[PDB]
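Shown next, in structure tokens, is the structure this report addresses.
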Amino acid sequence: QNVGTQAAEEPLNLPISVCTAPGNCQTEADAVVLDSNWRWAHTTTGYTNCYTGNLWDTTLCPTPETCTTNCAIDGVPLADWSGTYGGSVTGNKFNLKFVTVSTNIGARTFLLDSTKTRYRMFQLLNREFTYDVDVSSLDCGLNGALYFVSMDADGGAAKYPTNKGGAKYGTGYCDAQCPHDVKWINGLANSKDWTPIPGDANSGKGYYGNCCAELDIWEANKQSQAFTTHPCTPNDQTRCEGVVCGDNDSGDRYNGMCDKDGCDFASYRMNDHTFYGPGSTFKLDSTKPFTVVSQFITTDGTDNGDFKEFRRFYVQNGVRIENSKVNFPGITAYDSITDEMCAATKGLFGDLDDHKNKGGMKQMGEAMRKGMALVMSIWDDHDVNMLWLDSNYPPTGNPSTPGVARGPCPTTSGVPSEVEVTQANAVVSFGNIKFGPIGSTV
């Protein structure tokens, strides 16, 4: 995309901590940038929309190349962050409102480095990543997500010279779902064969998808939470078409370059329904804030080893809370993501181990070694109504069959039109982000 001249781009300042030992950290003066999908797209030498509602203008965008020549994405000024997009920062806390009323629904954002010209790339192997979260106002059907993806640090600017904005304009998004709803891919409008998504007034799908590796630290609302590894072959940003995208709609979910299911550790799905929930007698009380700690263990305990284990623990009101465990007869009580856990649990659930097909923890680790961009988002799910996270999936499945039940939400929950009314004022908060060696962040 070209860059427009109507509004300066002003990312929100967000300090994080880089740590060397427990309680010995230094501030890193980073910032938050809005994903290019949420930006106004208009004519390069005017005010005329190139995209309105869920459609590209066919006169301006008869082809992707012409669209890209004629159109530009514009900046987010400071005033518009809260007023238009529902984003705000107080000290080291970042807040994202779900619906902001001209009416904005959801948000996806990235962490910029201290220069505000590149994404802050995190080399996560043999490191610990930690943050405080509040998901108390997110119920069934919503997801306040924090995760990493194998985006380029410059959003693709060096690879795709028609991308003028780079990381500064939140470009280059890709993930392990190979999404077609990304409006700008490889420096070009994804306007070919663009199709609105029914019941989604703001979104559509273009000819291409954009694939890359994804490490989900946090997919969650107050009812259920998960962390998940998604390797791809290769891991780096890859525009896809046809079978390579692994499109759900053509029966290709397991035929593409990315592991779409991922290998998940989701406490409720692993059959501990009392670990996490909205109340003081759950082990971890989702009505109150808490700290989420993630440790990325290698084979030799060094930065050069292969990724072998994703460990997790929590801190809430000064109380250390170890992760829940897998709880099925004849299955080891795993409390972390490893290749063995993935094989054993997917075996039990009858899920295809595409994680293993894509190179497993080792391949996931190669993405983490090269460095990944931090994503913070809030969203509802127009495909599957978040049932995969917090309900029975498939909805018609027996909840006593291992793998089906992922949370207590009813199978009628999560319809975007309903959650966008009922949960309009939901806000996820991510704060006090800390990064360092294992054992350094609490």
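Chain labels follow the order of the structure tokens: the first chain is A, the next B, and so on; residue numbering restarts at 1 in every chain, and ligands are counted from 1 in their shown order.
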Extract the full set of alpha helix (DSSP H) residues from region 225-393 of chain A according to DSSP on the backbone, and format it as a PyMOL selection string.
chain A and resi 339-349+354-357+360-370+387-390
Please provide the set of residues having any atom within 6 Å of region 401-410 of chain A, restricted to only C-alpha atoms, with same-chain residues fewer than 3 positions apart removed, written as a PyMOL selection string.
chain A and resi 140+224+268-269+349+389-393+398+413
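Of the listed residues A:372, A:364, A:7, A:188, the one whose atoms come nearest to residue 164 (chain A) is A:188, with distances taken using only C-alpha atoms.
Take CA of residue 191 (chain A) and CA of residue 175 (chain A): the distance between them is 19.1 Å.
Excluding region 111-125 of chain A itself and same-chain residues fewer than 2 positions from it, the residues having an atom within 6 Å of it are residues 29, 30, 31, 32, 127, 153, 154, 167, 168, 296, 303, 368, 369, 371, 372, 373 and 374 of chain A, counting only C-alpha atoms.
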Preceding selection exported with N, CA, C and O atoms as a PDB file, in the first residue's frame:
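What ended up in out34.pdb:
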ATOM      1  N   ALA A  29      11.171   1.452  25.670  1.00  0.00           N
ATOM      2  CA  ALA A  29      10.141   2.429  25.301  1.00  0.00           C
ATOM      3  C   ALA A  29       9.539   2.099  23.937  1.00  0.00           C
ATOM      4  O   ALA A  29       9.870   2.712  22.921  1.00  0.00           O
ATOM      5  N   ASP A  30       8.644   1.123  23.948  1.00  0.00           N
ATOM      6  CA  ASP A  30       8.034   0.590  22.738  1.00  0.00           C
ATOM      7  C   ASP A  30       6.710   1.305  22.457  1.00  0.00           C
ATOM      8  O   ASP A  30       6.378   2.298  23.115  1.00  0.00           O
ATOM      9  N   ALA A  31       5.974   0.835  21.456  1.00  0.00           N
ATOM     10  CA  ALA A  31       4.710   1.459  21.087  1.00  0.00           C
ATOM     11  C   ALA A  31       3.792   0.474  20.385  1.00  0.00           C
ATOM     12  O   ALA A  31       4.224  -0.608  20.002  1.00  0.00           O
ATOM     13  N   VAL A  32       2.521   0.843  20.251  1.00  0.00           N
ATOM     14  CA  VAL A  32       1.506  -0.025  19.665  1.00  0.00           C
ATOM     15  C   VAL A  32       0.972   0.591  18.372  1.00  0.00           C
ATOM     16  O   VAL A  32       0.586   1.758  18.354  1.00  0.00           O
ATOM     17  N   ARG A 127      13.846 -18.233  26.699  1.00  0.00           N
ATOM     18  CA  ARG A 127      13.443 -16.978  27.324  1.00  0.00           C
ATOM     19  C   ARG A 127      12.097 -17.165  27.986  1.00  0.00           C
ATOM     20  O   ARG A 127      11.423 -18.184  27.798  1.00  0.00           O
ATOM     21  N   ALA A 153       9.991  -7.839  10.207  1.00  0.00           N
ATOM     22  CA  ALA A 153      10.168  -6.685  11.099  1.00  0.00           C
ATOM     23  C   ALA A 153       9.740  -5.354  10.468  1.00  0.00           C
ATOM     24  O   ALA A 153       9.349  -4.431  11.186  1.00  0.00           O
ATOM     25  N   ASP A 154       9.836  -5.263   9.138  1.00  0.00           N
ATOM     26  CA  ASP A 154       9.436  -4.075   8.381  1.00  0.00           C
ATOM     27  C   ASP A 154       8.077  -4.240   7.685  1.00  0.00           C
ATOM     28  O   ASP A 154       7.770  -3.507   6.740  1.00  0.00           O
ATOM     29  N   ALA A 167       6.111  -1.510   8.832  1.00  0.00           N
ATOM     30  CA  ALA A 167       5.657  -1.700  10.210  1.00  0.00           C
ATOM     31  C   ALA A 167       4.976  -0.462  10.779  1.00  0.00           C
ATOM     32  O   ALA A 167       4.079  -0.569  11.625  1.00  0.00           O
ATOM     33  N   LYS A 168       5.396   0.712  10.316  1.00  0.00           N
ATOM     34  CA  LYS A 168       4.819   1.969  10.778  1.00  0.00           C
ATOM     35  C   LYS A 168       3.306   2.057  10.540  1.00  0.00           C
ATOM     36  O   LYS A 168       2.608   2.714  11.310  1.00  0.00           O
ATOM     37  N   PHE A 296      10.048 -20.853  27.406  1.00  0.00           N
ATOM     38  CA  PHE A 296      10.291 -21.588  26.172  1.00  0.00           C
ATOM     39  C   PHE A 296      11.603 -22.348  26.309  1.00  0.00           C
ATOM     40  O   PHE A 296      12.690 -21.778  26.159  1.00  0.00           O
ATOM     41  N   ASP A 303      20.270 -20.865  23.763  1.00  0.00           N
ATOM     42  CA  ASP A 303      19.604 -20.223  22.645  1.00  0.00           C
ATOM     43  C   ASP A 303      19.772 -21.026  21.325  1.00  0.00           C
ATOM     44  O   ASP A 303      18.991 -20.846  20.394  1.00  0.00           O
ATOM     45  N   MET A 368      10.675 -19.065  16.234  1.00  0.00           N
ATOM     46  CA  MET A 368      10.984 -18.336  17.458  1.00  0.00           C
ATOM     47  C   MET A 368      12.431 -17.849  17.509  1.00  0.00           C
ATOM     48  O   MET A 368      12.697 -16.773  18.038  1.00  0.00           O
ATOM     49  N   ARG A 369      13.344 -18.646  16.949  1.00  0.00           N
ATOM     50  CA  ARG A 369      14.755 -18.280  16.834  1.00  0.00           C
ATOM     51  C   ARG A 369      14.974 -17.079  15.915  1.00  0.00           C
ATOM     52  O   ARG A 369      15.766 -16.197  16.236  1.00  0.00           O
ATOM     53  N   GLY A 371      12.835 -14.770  15.261  1.00  0.00           N
ATOM     54  CA  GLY A 371      12.205 -13.620  15.886  1.00  0.00           C
ATOM     55  C   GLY A 371      10.786 -13.483  15.361  1.00  0.00           C
ATOM     56  O   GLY A 371      10.529 -13.701  14.174  1.00  0.00           O
ATOM     57  N   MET A 372       9.868 -13.139  16.262  1.00  0.00           N
ATOM     58  CA  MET A 372       8.453 -13.025  15.949  1.00  0.00           C
ATOM     59  C   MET A 372       7.897 -11.708  16.489  1.00  0.00           C
ATOM     60  O   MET A 372       8.419 -11.144  17.457  1.00  0.00           O
ATOM     61  N   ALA A 373       6.837 -11.231  15.842  1.00  0.00           N
ATOM     62  CA  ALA A 373       6.179  -9.986  16.210  1.00  0.00           C
ATOM     63  C   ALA A 373       5.068 -10.262  17.213  1.00  0.00           C
ATOM     64  O   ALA A 373       4.379 -11.281  17.118  1.00  0.00           O
ATOM     65  N   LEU A 374       4.884  -9.341  18.156  1.00  0.00           N
ATOM     66  CA  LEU A 374       3.861  -9.461  19.185  1.00  0.00           C
ATOM     67  C   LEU A 374       2.570  -8.826  18.693  1.00  0.00           C
ATOM     68  O   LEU A 374       2.579  -7.680  18.222  1.00  0.00           O
TER      69      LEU A 374
END
One decimal, in Å: what's the spacing between CA of residue 231 (chain A) and CA of residue 299 (chain A)?
17.7 Å
Long-range neighbours of residue 135 (chain A) as a PDB file with N, CA, C and O atoms, in the first residue's frame, 6 Å cut-off, only C-alpha atoms, 5 positions minimum in chain:
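Contents of out_36.pdb, freshly written:
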ATOM      1  N   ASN A 221     -11.239 -15.860  27.026  1.00  0.00           N
ATOM      2  CA  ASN A 221     -12.181 -14.971  27.673  1.00  0.00           C
ATOM      3  C   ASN A 221     -12.250 -15.416  29.149  1.00  0.00           C
ATOM      4  O   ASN A 221     -11.400 -16.201  29.607  1.00  0.00           O
ATOM      5  N   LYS A 222     -13.236 -14.927  29.902  1.00  0.00           N
ATOM      6  CA  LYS A 222     -13.353 -15.296  31.311  1.00  0.00           C
ATOM      7  C   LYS A 222     -13.749 -16.774  31.544  1.00  0.00           C
ATOM      8  O   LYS A 222     -13.596 -17.269  32.666  1.00  0.00           O
ATOM      9  N   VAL A 428     -10.368  -5.771  26.901  1.00  0.00           N
ATOM     10  CA  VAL A 428      -9.214  -6.548  27.354  1.00  0.00           C
ATOM     11  C   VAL A 428      -8.072  -5.594  27.717  1.00  0.00           C
ATOM     12  O   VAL A 428      -7.850  -4.595  27.030  1.00  0.00           O
TER      13      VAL A 428
END
